[PDB]
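So you can see what is in the structure, the chains are spelled out below.
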Amino acid sequence: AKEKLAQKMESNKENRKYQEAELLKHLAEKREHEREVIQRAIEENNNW
Amino acid sequence: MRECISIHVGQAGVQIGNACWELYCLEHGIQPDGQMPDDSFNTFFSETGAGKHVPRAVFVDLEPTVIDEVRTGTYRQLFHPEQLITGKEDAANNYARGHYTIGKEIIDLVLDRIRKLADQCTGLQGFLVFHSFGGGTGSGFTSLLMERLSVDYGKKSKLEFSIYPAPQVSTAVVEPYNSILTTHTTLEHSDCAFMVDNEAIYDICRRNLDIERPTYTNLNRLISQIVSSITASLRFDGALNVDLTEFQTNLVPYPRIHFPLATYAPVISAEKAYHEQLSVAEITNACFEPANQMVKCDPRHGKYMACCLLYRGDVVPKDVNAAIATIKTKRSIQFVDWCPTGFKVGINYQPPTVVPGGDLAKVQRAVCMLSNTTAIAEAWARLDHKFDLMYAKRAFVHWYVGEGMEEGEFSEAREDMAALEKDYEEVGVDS
Amino acid sequence: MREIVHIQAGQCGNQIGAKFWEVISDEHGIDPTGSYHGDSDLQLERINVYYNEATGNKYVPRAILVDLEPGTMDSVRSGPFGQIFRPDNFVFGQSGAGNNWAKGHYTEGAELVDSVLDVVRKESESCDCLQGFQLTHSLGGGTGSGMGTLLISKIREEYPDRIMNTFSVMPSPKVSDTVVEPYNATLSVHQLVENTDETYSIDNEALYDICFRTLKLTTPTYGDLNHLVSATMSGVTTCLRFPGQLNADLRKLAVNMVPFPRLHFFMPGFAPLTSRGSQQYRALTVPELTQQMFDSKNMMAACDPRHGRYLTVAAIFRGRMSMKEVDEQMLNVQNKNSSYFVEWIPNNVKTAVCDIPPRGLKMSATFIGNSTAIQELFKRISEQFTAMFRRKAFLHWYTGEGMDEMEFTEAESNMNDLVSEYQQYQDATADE
Ligand SMILES: Nc1nc2c(ncn2[C@@H]2O[C@H](COP(=O)(O)OP(=O)(O)OP(=O)(O)O)[C@@H](O)[C@H]2O)c(=O)[nH]1
Ligand SMILES: Nc1nc2c(ncn2[C@@H]2O[C@H](COP(=O)(O)OP(=O)(O)O)[C@@H](O)[C@H]2O)c(=O)[nH]1
Ligand SMILES: [Mg+2]
């Protein structure tokens, strides 16, 4: 009853903290594209 | 002396609690401020230095709305503010939010309040837990609390009054998931559980009380009458009583088979005046009619393992025995081969009390039958099938997984329910 | 769960958003000064879901007004309820998006985004318990579409646990201000599939058809179309702003409506259909209101509900009527039309009744459906997109902003997958 309560909660943070960080991982990935395109937008221009 | 702590979880639990405590006050002559101008009522109400009588109860909700109504209502002075506990964010009809995410924040506070009530007890018998199966708080928070109560309270009796969901009054598509998840998790922590099917109550209000569109107020008043019948034996000292332990001893033959079916009679509309007075024979006959049941199921298709008859008011043992004898001549009532003594009878002197301006008529005598029948498995099957329909497609599962639950917990909960259905089947087989 | 933070982006977003605020203010008895002058306690019970209470008797919309172009904002301030808005909540750029998703999402929009988040943070930190966000915008434009989806992504980054709700207006050739609308819409749909919890698919194709065919308005204006939008928005938000049991908050609505993460695009419906001038009208009983749920004529998304199946349905009845009659009529429709509801989601139709009817009507009905027929709206966008993309027409407007062809291919493929996903559950059976 202590290891059944603690271990069910071991898996909770192991999950819920990751399932909102798998999230923020791609939220990094799309801003990784914001200025992967913004600077490409100048390297086309300040190149012509 | 022999105290009982009542815990009301979520909207259903809190609202039924309001109905129960209003009825107890009427029965014991306690005013809404706790003042009162037997002595057994002390099992449910403590007494303060100012001669005020305070319910031995905790009201818990993850959202404040419902409880805010109690703290503004007629009985705001009855309860001390510390026993009315509310969070900010509800469980949003999600068992995972109630059990984990939101529940984990308030759990320690709720248990500290329960500990303070337990410290005022000299002979704490245990707990009475009221909750819905369907809501995120009623399902998720209750199972979390039940687990923690087993740790803190050792081998202390825990009885449930569970609101089985009905589509006529259902608020969530995910209620079958929440119901199975709470039943699996609470099963090993509960000693005896009385289910109340909202459809059965809805139909009694429509049929017997002539209410076209029953509201929770109508449903709860009727529920309160059954709860009062079960608890009258603890709150009063009659000729024939049954404590927390005797209920379980008489009705619970195996650990997991702890779900008695309640049947109440008479349910009469506050109009007419000619539809009474019903005899002991008439009210006893009404207990064997599926229309008066608290859970929709067919006992004629199942087998009885125990039958407890709790009478209240102007009732004589000779009248009761005569009624039971005629019922025994109706061959149709089948018991399991390992059970001989079927009928345990209790008589409590006080006639049923009704709420002024209520839908129920005042009667000279009433009866509540608690029977452990294998027919109650039909209620589990209905719930399990609805769970299977959605789960086969993993519909809505992402909501639970997102809160940190694992898919394995769903499989485990459902397998446990399959084993429970199998247990009711195994119990009905003859040797 | 209490406060909802409202965001209005672009021309369409601000136009529809401003109408939403004048409609709901009238329902809650709030005048253009912010003072409550109504005479029903139901109007104030859940006032805090959309309004902050300022010093004294005044109520202020928890609304942020956004555009890359200043003109629309001036028009809002000049408006009937223009003075109700929080001065500090108007966040506008000077350099527009020019109906280019790339400008709104990557260039000009990116430059303004932080000034908007600063205002949303101010409103969010004031909240006792923030439910989440509600965004009104068009998908055919540049600001509403590109910046709107950029805002969704930035807000999602800071508030990943809050509910993200949108009222997204779909472009149509029937009421088109730019030839590039299929590109802007496809690029936006790709973002919404991934970033919102619930999206109300408000189709200009359907709004134009209702105005022209049903309301007999020979030449519909945005004012005529917006009258239908505001009636729908009032209906779908009834549950959030008045005391009720069902779908009382954004999370409960989502939990009851969304069975699979990506399938969060709702088909809204409304009955009775009224025109701005039409203050007649003498009609609409309970059986009449209920029958229009399957009526394609009453859908705010240009899809026939009988061309698909309902996964989940939320129905809101407004006005003084019998709850018994509503329950009977609703059950009759599900029994008669069994084939248009999925068998594997038990008791999937949830009904709510609110005593307060919307303005001008004594009786109304709002439908929120999660139907597999919504694939018709996405198919229409994909075919319009492919006709252009096949020839790489107008692509220079986007590549000129630094975008790559791959993003276009990806957005299209994601949208086609969404269509394929709706078709999958349309064909699914309870064989188990
Ligand atoms: N008999 C009865 N059933 C109720 C009542 N209130 C809710 N229910 C039932 O309980 C289920 C809904 O769960 P709730 O108790 O309302 O929810 P909750 O426990 O507060 O949980 P959350 O709101 O999700 O945090 C449905 O089956 C309702 O029909 C009540 O006063 N009486
Ligand atoms: N319903 C409606 N649609 C509008 C309105 N204004 C523009 N639209 C539509 O929105 C799209 C153009 O986007 P718009 O909001 O003007 O551009 P933005 O300022 O860059 O967001 C097209 O599909 C138009 O038909 C309006 O007031 N109501
Ligand atoms: Mg609740």
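Residues numbered from 1 in each chain as written, not as in the entry; some residues may be left out. Chains lettered and ligands numbered in written order. Part of a larger assembly, values for the part shown. Heavy atoms only, no water. Residues with missing side-chain atoms left out of burial classes, pairs and counts.

- The deposited coordinates, according to the entry record, derive from X-ray crystallography at 4.17 Å resolution.

- Under the PDB entry, the name given to chain B is Tubulin alpha chain, and the organism recorded is Ovis aries.
- In UniProt, chain B has this text filed under Sequence similarities (unreviewed entry): "Belongs to the tubulin family."
- We quote the UniProt Cofactor (unreviewed entry) comment for chain B here in full: "Mg(2+)". (UniProt positions renumbered as here; feature names shortened; annotations may be inferred.)

- Chain A is annotated in the PDB entry as Stathmin-like domain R4 of Artificial gene.

**Topic: the site of ligand 2**
Residue and element names in this part refer to chain C.
Part 1 of the reasoning: Near ligand 2 you find 19 residues, and of these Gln 11, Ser 138, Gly 144, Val 175 and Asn 226 are the closest.
Part 2 of the reasoning: Here a nitrogen atom of ligand 2 sits 2.7 Å away from a polar atom, N or O, in the side chain of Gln 11.
Part 3 of the reasoning: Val 175 is positioned with one of its backbone polar atoms (N or O) 2.7 Å from an oxygen atom of ligand 2.
Part 4 of the reasoning: Alone, ligand 2 offers 570 Å² of accessible surface; in the complex the protein occludes 96% of this. (Near = heavy atom within 4 Å. Polar contact = N/O pair within 3.5 Å; in protein donor to acceptor, adjacent residues only side chain to side chain. Areas by Shrake-Rupley, 256 points an atom, 1.4 Å probe, with all protein chains shown as cover.)

**What to know about the coordination of the magnesium ion (ligand 3)**
Part 1 of the reasoning: Donor atoms from the polypeptide that bind the magnesium ion (ligand 3) are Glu 63 of chain B (OE) and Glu 63 of chain B (OE), placed at 2.3 to 2.5 Å.
Part 2 of the reasoning: Note that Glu 63 of chain B resides in the loop between strand 4 (57–61) and helix 2 (65–70). (Donors = N, O, S within 2.8 Å, 3.2 Å for Na, K, Ca; no water. Helix = DSSP H or I, 4+ residues; strand = E, 2+ residues; numbered from the N terminus.)

**A look at the packing of helix 6 (residues 143–158) of chain C against helix 7 (residues 181–195) of chain C**
Residue and element names in this part refer to chain C.
Part 1 of the reasoning: The interhelical angle for the contact between helix 6 and helix 7, taken along N-to-C directions, is 15 degrees, at an axis separation of 9 Å. Accordingly, the angle class assigned to the pair helix 6 and helix 7 is roughly parallel. Classified by chirality, the crossing of helix 7 by helix 6 is left-handed. Each of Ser 145, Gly 146, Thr 149, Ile 152, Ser 153 and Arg 156 in helix 6 lies in contact with helix 7, whose residues at this interface are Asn 184, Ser 188, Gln 191, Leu 192 and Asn 195.
Part 2 of the reasoning: The residue inventory of the contact of helix 6 with helix 7, partitioned by class, reads two nonpolar, eight polar and one charged. (Axes fitted to C-alpha atoms, helices over the stretch in contact; angles between N-to-C directions. Parallel < 35°, antiparallel > 145°, perpendicular 65-115°, else oblique. Left-handed = near helix turned anticlockwise from the far one by under 90°. Contact = heavy atoms within 4.5 Å. Nonpolar A, V, L, I, M, F, W, Y, C, P; charged D, E, K, R; others polar.)

**Remarks on the layout of surface pockets**
Part 1 of the reasoning: As a volume, the second largest pocket reaches approximately 980 Å³.
Part 2 of the reasoning: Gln 19 and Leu 23 of chain A together with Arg 156, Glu 194 and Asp 197 of chain C are, among the 30 residues lining the second largest pocket, the residues nearest its centre.
Part 3 of the reasoning: Elements that contribute at least two residues to the lining of the second largest pocket include exactly helix 2 (22–37) of chain A, helix 13 (397–401) of chain B together with helix 6 and helix 7 of chain C.
Part 4 of the reasoning: Among the elements that take part in the lining of the second largest pocket, helix 2 of chain A stands out by supplying five residues, more than any other.
Part 5 of the reasoning: Of the residues assigned to the lining of the second largest pocket, the class counts are nine nonpolar, nine polar and twelve charged. (1 Å grid on protein atoms, 1.4 Å probe; cavity = no way out; pocket = protein on both sides within 12 Å on 5 of 7 lines; lining within 4 Å. Points joined across faces, edges and corners; volume = space filled by probe spheres on them.)

**A word on the site of ligand 1**
Part 1 of the reasoning: Near ligand 1, the surroundings consist of 26 residues, among which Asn 93, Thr 137, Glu 175 and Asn 220 of chain B together with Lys 252 of chain C are the closest.
Part 2 of the reasoning: In this structure, ligand 1 sits where chains B and C come together, each supplying nearby residues.
Part 3 of the reasoning: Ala 12 of chain B places a main-chain nitrogen or oxygen 3.1 Å from an oxygen atom of ligand 1.
Part 4 of the reasoning: The contact in question runs from an oxygen atom of ligand 1 to an N or O atom on the side chain of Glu 63 of chain B, over 3.1 Å.

**Concerning unusual backbone geometry**
Part 1 of the reasoning: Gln 277 of chain B follows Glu 276 of chain B through a cis peptide bond whose omega is 0 degrees.
Part 2 of the reasoning: Tracing the backbone shows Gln 277 of chain B in the loop between strand 9 (261–265) and helix 10 (280–286).
Part 3 of the reasoning: Residues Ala 271 of chain C and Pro 272 of chain C are joined by a peptide bond in cis, for which omega reads 0 degrees.
Part 4 of the reasoning: Here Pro 272 of chain C shows up in the loop between strand 9 (265–271) and helix 12 (286–291).
Part 5 of the reasoning: Despite not being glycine, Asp 210 of chain B has its phi angle at roughly 55 degrees, a positive value.
Part 6 of the reasoning: Its location among the elements puts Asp 210 of chain B in the loop between helix 7 (198–207) and helix 8 (216–235).
Part 7 of the reasoning: The exposure class of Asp 210 of chain B is exposed, given its relative accessible area of 60%.
Part 8 of the reasoning: In this model, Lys 216 of chain C sits at a positive phi of 55 degrees, which is unusual for a non-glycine residue.
Part 9 of the reasoning: Along the polypeptide, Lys 216 of chain C turns up in the loop between helix 8 (204–214) and helix 9 (222–236). (Buried < 20%, exposed > 50% of the residue type's maximum accessible area, 1.4 Å probe, protein only.)

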